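J.: One structure, pasted below without further comment.
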Amino acid sequence: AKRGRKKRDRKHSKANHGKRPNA
Amino acid sequence: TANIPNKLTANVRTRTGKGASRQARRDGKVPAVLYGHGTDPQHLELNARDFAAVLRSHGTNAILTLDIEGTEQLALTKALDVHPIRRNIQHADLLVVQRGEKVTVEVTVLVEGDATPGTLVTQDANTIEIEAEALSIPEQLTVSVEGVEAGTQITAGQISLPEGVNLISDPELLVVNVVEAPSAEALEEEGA
Amino acid sequence: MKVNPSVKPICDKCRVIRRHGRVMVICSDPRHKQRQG
Amino acid sequence: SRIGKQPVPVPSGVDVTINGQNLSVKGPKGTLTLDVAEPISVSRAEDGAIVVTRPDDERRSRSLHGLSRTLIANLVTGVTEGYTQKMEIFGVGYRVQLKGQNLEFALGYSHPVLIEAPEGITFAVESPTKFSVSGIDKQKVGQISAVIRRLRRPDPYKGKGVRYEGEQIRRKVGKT
Amino acid sequence: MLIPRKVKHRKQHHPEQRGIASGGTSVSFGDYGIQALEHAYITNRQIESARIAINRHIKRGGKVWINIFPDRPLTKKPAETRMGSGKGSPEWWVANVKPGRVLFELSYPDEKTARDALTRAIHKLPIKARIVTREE
Amino acid sequence: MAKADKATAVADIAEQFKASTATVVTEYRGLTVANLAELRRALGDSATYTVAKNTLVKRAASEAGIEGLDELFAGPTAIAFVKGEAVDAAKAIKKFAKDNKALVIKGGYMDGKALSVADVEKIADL
Amino acid sequence: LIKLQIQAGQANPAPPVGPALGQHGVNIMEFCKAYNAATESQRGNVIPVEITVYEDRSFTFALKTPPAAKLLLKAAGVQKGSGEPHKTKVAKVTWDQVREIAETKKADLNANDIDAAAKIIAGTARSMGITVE
RNA sequence: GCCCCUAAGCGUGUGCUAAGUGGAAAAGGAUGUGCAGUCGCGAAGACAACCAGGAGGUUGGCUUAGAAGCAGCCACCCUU
RNA sequence: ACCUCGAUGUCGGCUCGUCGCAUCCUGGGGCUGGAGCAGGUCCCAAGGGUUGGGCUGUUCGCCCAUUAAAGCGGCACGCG
Ligand SMILES: [Mg+2]
Ligand SMILES: [Mg+2]
Ligand SMILES: [Mg+2]
Ligand SMILES: [Mg+2]
Ligand SMILES: [Mg+2]
Ligand SMILES: [Mg+2]
Ligand SMILES: [Mg+2]
Ligand SMILES: [Mg+2]
Ligand SMILES: [Mg+2]
Ligand SMILES: [Mg+2]
Ligand SMILES: [Mg+2]
Ligand SMILES: [Mg+2]
Ligand SMILES: [Mg+2]
Ligand SMILES: [Mg+2]
Ligand SMILES: [Mg+2]
Ligand SMILES: [Mg+2]
Ligand SMILES: [Mg+2]
Ligand SMILES: [Mg+2]
Ligand SMILES: [Mg+2]
Ligand SMILES: [Mg+2]
Ligand SMILES: [Mg+2]
Ligand SMILES: [Mg+2]
Ligand SMILES: [Mg+2]
Ligand SMILES: [Mg+2]
Ligand SMILES: [Mg+2]
Ligand SMILES: [Mg+2]
Ligand SMILES: [Mg+2]
Ligand SMILES: [Mg+2]
Ligand SMILES: [Mg+2]
Ligand SMILES: [Mg+2]
Ligand SMILES: [Mg+2]
Ligand SMILES: [Mg+2]
Ligand SMILES: [Mg+2]
Ligand SMILES: [Mg+2]
Ligand SMILES: [Mg+2]
Ligand SMILES: [Mg+2]
Ligand SMILES: [Mg+2]
Ligand SMILES: [Zn+2]
Numbered sequence: 001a002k003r004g005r006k007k008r009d010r011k012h013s014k015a016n017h018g019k020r021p022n023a
Numbered sequence: 001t002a003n004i005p006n007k008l009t010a011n012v013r014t015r016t017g018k019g020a021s022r023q024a025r026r027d028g029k030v031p032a033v034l035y036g037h038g039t040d041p042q043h044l045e046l047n048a049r050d051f052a053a054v055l056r057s058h059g060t061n062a063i064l065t066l067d068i069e070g071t072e073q074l075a076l077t078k079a080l081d082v083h084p085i086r087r088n089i090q091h092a093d094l095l096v097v098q099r100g101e102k103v104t105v106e107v108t109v110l111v112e113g114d115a116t117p118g119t120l121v122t123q124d125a126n127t128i129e130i131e132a133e134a135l136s137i138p139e140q141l142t143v144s145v146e147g148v149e150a151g152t153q154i155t156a157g158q159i160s161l162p163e164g165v166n167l168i169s170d171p172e173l174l175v176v177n178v179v180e181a182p183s184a185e186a187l188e189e190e191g192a
Numbered sequence: 001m002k003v004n005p006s007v008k009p010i011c012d013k014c015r016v017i018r019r020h021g022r023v024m025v026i027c028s029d030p031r032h033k034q035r036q037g
Numbered sequence: 001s002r003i004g005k006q007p008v009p010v011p012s013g014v015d016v017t018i019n020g021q022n023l024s025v026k027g028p029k030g031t032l033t034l035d036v037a038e039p040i041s042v043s044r045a046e047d048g049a050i051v052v053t054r055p056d057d058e059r060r061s062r063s064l065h066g067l068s069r070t071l072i073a074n075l076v077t078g079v080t081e082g083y084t085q086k087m088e089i090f091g092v093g094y095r096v097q098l099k100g101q102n103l104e105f106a107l108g109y110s111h112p113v114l115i116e117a118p119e120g121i122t123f124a125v126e127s128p129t130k131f132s133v134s135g136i137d138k139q140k141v142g143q144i145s146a147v148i149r150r151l152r153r154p155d156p157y158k159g160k161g162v163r164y165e166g167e168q169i170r171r172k173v174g175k176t
Numbered sequence: 001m002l003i004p005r006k007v008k009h010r011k012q013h014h015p016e017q018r019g020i021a022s023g024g025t026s027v028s029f030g031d032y033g034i035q036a037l038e039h040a041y042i043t044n045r046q047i048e049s050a051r052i053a054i055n056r057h058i059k060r061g062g063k064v065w066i067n068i069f070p071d072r073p074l075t076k077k078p079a080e081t082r083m084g085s086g087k088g089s090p091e092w093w094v095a096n097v098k099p100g101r102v103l104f105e106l107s108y109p110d111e112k113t114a115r116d117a118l119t120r121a122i123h124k125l126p127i128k129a130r131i132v133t134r135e136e
Numbered sequence: 001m002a003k004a005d006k007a008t009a010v011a012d013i014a015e016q017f018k019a020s021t022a023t024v025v026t027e028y029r030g031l032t033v034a035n036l037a038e039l040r041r042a043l044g045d046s047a048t049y050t051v052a053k054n055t056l057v058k059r060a061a062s063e064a065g066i067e068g069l070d071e072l073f074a075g076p077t078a079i080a081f082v083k084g085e086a087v088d089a090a091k092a093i094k095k096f097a098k099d100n101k102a103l104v105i106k107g108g109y110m111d112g113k114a115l116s117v118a119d120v121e122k123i124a125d126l
Numbered sequence: 001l002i003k004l005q006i007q008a009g010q011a012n013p014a015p016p017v018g019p020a021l022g023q024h025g026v027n028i029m030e031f032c033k034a035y036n037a038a039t040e041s042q043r044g045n046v047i048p049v050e051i052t053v054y055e056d057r058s059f060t061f062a063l064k065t066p067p068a069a070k071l072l073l074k075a076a077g078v079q080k081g082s083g084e085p086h087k088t089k090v091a092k093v094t095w096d097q098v099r100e101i102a103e104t105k106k107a108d109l110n111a112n113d114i115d116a117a118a119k120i121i122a123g124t125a126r127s128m129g130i131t132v133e
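Protein chains in written order, with my numbering: chain P, 1 to 23; chain W, 1 to 192; chain U, 1 to 37; chain R, 1 to 176; chain Z, 1 to 136; chain D, 1 to 126; chain L, 1 to 133.
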């Protein structure tokens, strides 16, 4: 589940503000 | 047995609210309110550290001498709103009191001494209500256990109550019950 | 020598240290030697 | 801390040399050199001592204080009295002899083994069971002693091998 | 196991698991207790294991109060089945726990043994808890 | 440990000295518990046997003119004391001193005056 | 420096005194001939002892203790007692016979009076789990 | 967002981190380190290291061969 | 039910490989209720090696004779 975790966590960047499409 | 009032400082809360209370609580201060027959609910910030220190030294039930901007008042802790988790005191209630004034209060009861070994002593009511003067309030009173016979109950009416204090609770409120220590084949037989 | 996530002083002759970045418990008893991993 | 707080005695026959943070000690047994840590300070107390002092109580200097103190003490004692280790053998047929300046062990291997004493270290057997290792350096004597000690597996059953002098091996007995 | 004798409705929604425990946050029956710090579903399996753990550790005489009851049923639809065809049949029981609620309470003479039995119980629970004493 | 028992024991030793005339002081380290049993068999029938901290009784040695034994705190002290005539305990100190030769007579305190280790046999025979 | 206790009707048994001495370089039957003199004074008492056998086979045994339950047998005639104390107050021992028995009980003690010895008798009996009367 | 790629700060002041943590994760383990809060003793000399001991009643009574203090029960006794 | 139904050929075997290590053998160890011989368990280690048959469509599996050993897996359950 590395791909899912690592895609899902890049929403927590400063430029995304804790949100991103498809979580 | 007069108890010397404890001397805190307090100052009138400029403006009220949850934001103001949170800020004051953040600066190491406790929001509180004076009331009583002083007929003026007066909103007072007081030092959190000193409040906790005096509550440690003299329990929940202790007279204070509040210095409100120079005016000198006698107060008694009525209630403390405390957080369930962070355990910090959030709010305090202060009845105004003066000498020679009976007041109803709740005093903790701490069982003292060792019991007879074959059985365990267990308290159901840790607090007993008493009527007593402002200065003569006992912060705690003891109940005797010294090698009781087989399991028996104890109620508020047979306690060595202090002088100048009066029981309020109905005398048949159980406080400490000696119950026989569960055997090996009795302890794990309850709970499912 | 155990290699487990949790290391504890099994007996009172054991003692816990940090050696080379690892928490270890070291005793005079060879059986109690034990480190984190 | 407290150990790093007292100065090191220097005897009336042993002369010291300080340059920069480097120093050397010279005595009857030989000579030695040593380097002292950076934040620590080393001073020649002319009243007969070498004072090691930490400027502050930060954990690094708090740590290097006693370290440097013990290094200087070991340097001086090694140059004055030297460092010697007594070490014994146990078992039947486990024997020790000499060959030149080297010391030879016959401990039940199908071949003999023998150790060449490196620089500043002199082996000296006093009995086929008892031998000693001596040197000007405390660390070298201990290291070569440990190297000797581990020429056999530990023996908790019969104890046979190379033990230290004052060492009490642990021993568990198999049921047969 | 702790099972209610009957519930009026046997298929409820999942208990809302937010907020701080408002009711039941004090130690009242015994002198030492285990007091929670995280939201969870404490099933009767966890409760039974923890109670047996405390009883095994103290093993002599002392009162254990399980002042939480598992009376809320979580259902589970049978395996290998697709979505749909209605809600499943209830097959485990739960207490809804908030951060703040005293879960287990103990009365025992000494201190260290009581603390150790309480932490032995804590290890069997799906949450972080702490040992809390009868006094402020 | 607090100042309370410090002071109470200071008073204890000071007051037990007051009513005793036989005062021979000694250093004893190195004799077994059963050996002290033998000594209190042979001496406890007349005396009491105590020890004092080399510091706590520095000021406990000031109420009388017992200021003269502060300078003999070199070696953990201990005293056997008889309340009667001074002549009793001096024999038993030698009786319990000969059997090891490792119990030293730290000195004496006679007529309320402090004396070295040499002059205990000077007065003990007399 | 050791101690032993021997029953008055046993013949060098292996359970109680098997490893009692063999590791200390002590004899057996010669120790029997030594310790029978002191065991057989009373003819009706099992005897304990403080044993001190020197490294070179010179046993120097001296009495230490009297037996406790076995002499309560002779004190009351009671056969034995229930192993669980503090509920059966079915045992009674008096003080005047203690004054009788002190002069054979005070022989090896370290007090300066009789209060201490009479009181340690009382304390031993109270430690058995009963009172003294 | 501002060392170079790559536009703009190897910005200033005070602190923290030694893990390349920053630049993934749980129950749980842990003398890492900084700060704050109380508590026990402590120059009448305490914690460590160093020595003399650690006794008399007295191997307390339980099923067994010995429970003696070190399987498993009953709990917390005097003399120096 | 997210791409593919104006076509992404579907099991096993063959040929040929390639990578991981969660190690089957060989190599280095710590603890043992490890005397030795031989083991048990954990740790480190991926360089090379890792058989031929009977039964069955077989994978799986059962067995036969060996072997230092006859490892487990990913690659469109690799490879038409
Ligand atoms: Mg997963
Ligand atoms: Mg979503
Ligand atoms: Mg474990
Ligand atoms: Mg809702
Ligand atoms: Mg509540
Ligand atoms: Mg409610
Ligand atoms: Mg847990
Ligand atoms: Mg580019
Ligand atoms: Mg640029
Ligand atoms: Mg910037
Ligand atoms: Mg710069
Ligand atoms: Mg910068
Ligand atoms: Mg900076
Ligand atoms: Mg990391
Ligand atoms: Mg990283
Ligand atoms: Mg993490
Ligand atoms: Mg922990
Ligand atoms: Mg920290
Ligand atoms: Mg036993
Ligand atoms: Mg859809
Ligand atoms: Mg498409
Ligand atoms: Mg298609
Ligand atoms: Mg096409
Ligand atoms: Mg095509
Ligand atoms: Mg196409
Ligand atoms: Mg391939
Ligand atoms: Mg590996
Ligand atoms: Mg491998
Ligand atoms: Mg191997
Ligand atoms: Mg191995
Ligand atoms: Mg290579
Ligand atoms: Mg076929
Ligand atoms: Mg493959
Ligand atoms: Mg395929
Ligand atoms: Mg494949
Ligand atoms: Mg194909
Ligand atoms: Mg084809
Ligand atoms: Zn250990």
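No residue lacks a Cβ here, since even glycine has one placed at the ideal position from N, Cα and C.
In terms of alpha-carbon separation, which member of L:23, L:119, L:47 lies closest to residue 64 of chain L?
T.: On the seventh sequence, residue 64 of chain L is found 64 positions in, with the first residue counted as 1. Of L:23, L:119, L:47, the residue nearest in Cα terms is L:47.
J.: When the Cα atoms are used, what is the spatial distance from residue 52 of chain L to residue 1 of chain L?
T.: What you label residue 52 of chain L is simply residue 52 of the seventh sequence in a count that begins at 1. What you label residue 1 of chain L is simply residue 1 of the seventh sequence in a count that begins at 1. Using only the alpha carbons, I get a separation of about 5 Å.
J.: If you measure beta-carbon to beta-carbon, which residues of the stretch 83-112 of chain L are closer than 9 Å to chain D?
T.: Listed in sequence order: 109, 110, 111, 112.
J.: Taking residue 171 of chain W as part of the beta strand (DSSP E), name the residues at either end of that continuous run.
T.: For the purposes of this step, residue 171 of chain W is taken as residue 171 along the second sequence, with counting starting at 1. Careful: residue 171 of chain W lies outside any beta strand (DSSP E) and carries neither H nor E.
J.: Consult DSSP for residue 41 of chain R and reduce its assignment to one of helix, strand or coil.
T.: Your numbering for residue 41 of chain R matches position 41 in the fourth sequence. Three-state result, residue 41 of chain R: strand.
J.: Could you say if the stretch 140-154 of chain W and the stretch 103-118 of chain W meet the contact criterion of at least three C-beta pairs nearer than 8 Å?
T.: Taking 8 Å as the limit for Cβ pairs, the verdict is that the stretch 103-118 of chain W does touch the stretch 140-154 of chain W.
J.: If you draw a straight line from the C-alpha of residue 186 of chain W to the C-alpha of residue 21 of chain W, how long is it?
T.: Counted from its first residue, the second sequence places residue 186 of chain W at position 186. Counted from its first residue, the second sequence places residue 21 of chain W at position 21. Near 52 Å, if we compare the C-alpha coordinates of residue 21 of chain W and residue 186 of chain W.
J.: Shorter than 9 Å from the beta carbon of residue 45 of chain D to some beta carbon of chain L?
T.: Position 45 of the sixth sequence, counted from the start, is the residue given in the question as residue 45 of chain D. Yes, residue 45 of chain D lies at the interface with chain L (some Cβ there is under 9 Å from its Cβ).
J.: Would you call the stretch 65-72 of chain L and the stretch 110-123 of chain L touching, i.e. three or more CB-CB distances under 8 Å?
T.: The stretch 65-72 of chain L vs the stretch 110-123 of chain L: no contact.
J.: I'd like the list of long-range same chain contacts for residue 152 of chain Z, defined as Cβ closer than 8 Å, with 5 residues on each side in sequence excluded.
T.: Look at the range of chain Z in this structure, 1 to 136, and you will see that residue 152 of chain Z is not part of it.
J.: Just verifying my parser: in three-state terms, what is the DSSP assignment at residue 81 of chain W?
T.: Sequence index remark: in the second sequence, residue 81 of chain W carries index 81 (1-based). It is a strand residue.
J.: Could you check how far apart the C-beta atoms of residue 39 of chain Z and residue 97 of chain Z are, in whole angstroms? I think they sit under 8 Å.
T.: Start at 1 with the first residue of the fifth sequence, and residue 39 of chain Z comes out as number 39. Start at 1 with the first residue of the fifth sequence, and residue 97 of chain Z comes out as number 97. About 7 Å separates the two Cβ atoms, so the contact holds.
J.: Consider the Cβ of residue 181 of chain W: report whether some Cβ of chain Z lies at a distance smaller than 9 Å.
T.: For this step, residue 181 of chain W is matched to residue 181 along the second sequence. Yes, its Cβ sits closer than 9 Å to a Cβ of chain Z.
J.: Which residues, in chain order, does the stretch 67-94 of chain W contribute to contact with chain Z at a C-beta distance below 7 Å?
T.: Answer in chain order: 84, 85.
J.: Keeping to the same chain, check which residues put their C-beta closer than 6 Å to that of residue 63 of chain D; ignore five residues upstream and five downstream.
T.: Counted from its first residue, the sixth sequence places residue 63 of chain D at position 63. Correct list, in chain order: 14.
J.: Round the Cβ separation of residue 97 of chain W and residue 75 of chain W to the nearest angstrom and send it over; I've been treating them as touching at under 8 Å.
T.: As a first step, residue 97 of chain W must be located in the second sequence, where it is residue number 97. As a first step, residue 75 of chain W must be located in the second sequence, where it is residue number 75. Indeed, because the Cβ distance is near 7 Å, the residues count as touching under 8 Å.
J.: Mind checking residue 20 of chain Z: buried by the 16 CB within 10 Å criterion, or exposed?
T.: Reading the fifth sequence from its first residue, position 20 is the one you call residue 20 of chain Z. Exposed is the call here.
J.: Excluding the 5 residues preceding and the 5 following residue 145 of chain R in the sequence, name in chain order all residues of the same chain whose CB lies nearer than 8 Å to its CB.
T.: The count along the fourth sequence starts at 1 and reaches residue 145 of chain R at position 145. If we look at residue 145 of chain R and ignore the five residues flanking it on each side, its Cβ neighbours are 85, 87, 133, 164.
J.: Can a CB atom of chain W be found closer than 9 Å to the CB of residue 4 of chain Z?
T.: Indexing the fifth sequence from 1 puts residue 4 of chain Z at position 4. Taking Cβ atoms only, chain W never reaches closer than 9 Å to residue 4 of chain Z, which makes this a no.
J.: For residue 14 of chain D, does the three-state DSSP call read helix, strand or coil?
T.: Here residue 14 of chain D refers to the residue found at position 14 of the sixth sequence. Of the three classes helix, strand and coil, the one that applies to residue 14 of chain D here is helix, per DSSP.
J.: Pull up the distance between the alpha-carbon of residue 42 of chain R and that of residue 55 of chain D, whole angstroms please.
T.: The count along the fourth sequence starts at 1 and reaches residue 42 of chain R at position 42. The count along the sixth sequence starts at 1 and reaches residue 55 of chain D at position 55. Rounded to the nearest angstrom, the two C-alpha atoms are 38 Å apart.
J.: How is the beta strand (DSSP E) around residue 10 of chain W delimited, first residue to last?
T.: Along the second sequence, one-based indexing puts residue 10 of chain W at 10. Here the beta strand (DSSP E) through residue 10 of chain W covers 6-12.
J.: Where does the unbroken alpha helix (DSSP H) through residue 38 of chain D begin, and where does it stop?
T.: As a working mapping, residue 38 of chain D is identified with position 38 in the sixth sequence. Segment 33-42, the alpha helix (DSSP H) holding residue 38 of chain D.
J.: Please state the DSSP three-state secondary structure of residue 5 of chain D.
T.: Position 5 of the sixth sequence, counted from the first residue, corresponds to residue 5 of chain D. Three-state result, residue 5 of chain D: helix.
J.: Entirely within the stretch 121-160 of chain W and at least 3 residues each: give me those beta strand (DSSP E) ranges in chain order.
T.: The stretch 121-160 of chain W contains these whole beta strand (DSSP E) runs: 127-133, 140-144, 153-155.
J.: Is the beta carbon of residue 62 of chain W sitting closer than 9 Å to the one on residue 6 of chain W?
T.: Translated into the one-based positions of the second sequence, residue 62 of chain W becomes position 62. Translated into the one-based positions of the second sequence, residue 6 of chain W becomes position 6. Their beta carbons are under 9 Å apart, which means residue 62 of chain W touches residue 6 of chain W by this criterion.
J.: Provide the residue(s) that pair with residue 81 of chain D in DSSP beta bridges, ordered along the chain.
T.: Locating residue 81 of chain D in the sixth sequence gives position 81, counting from the first residue. According to DSSP, residue 81 of chain D bridges with D:23, D:48.
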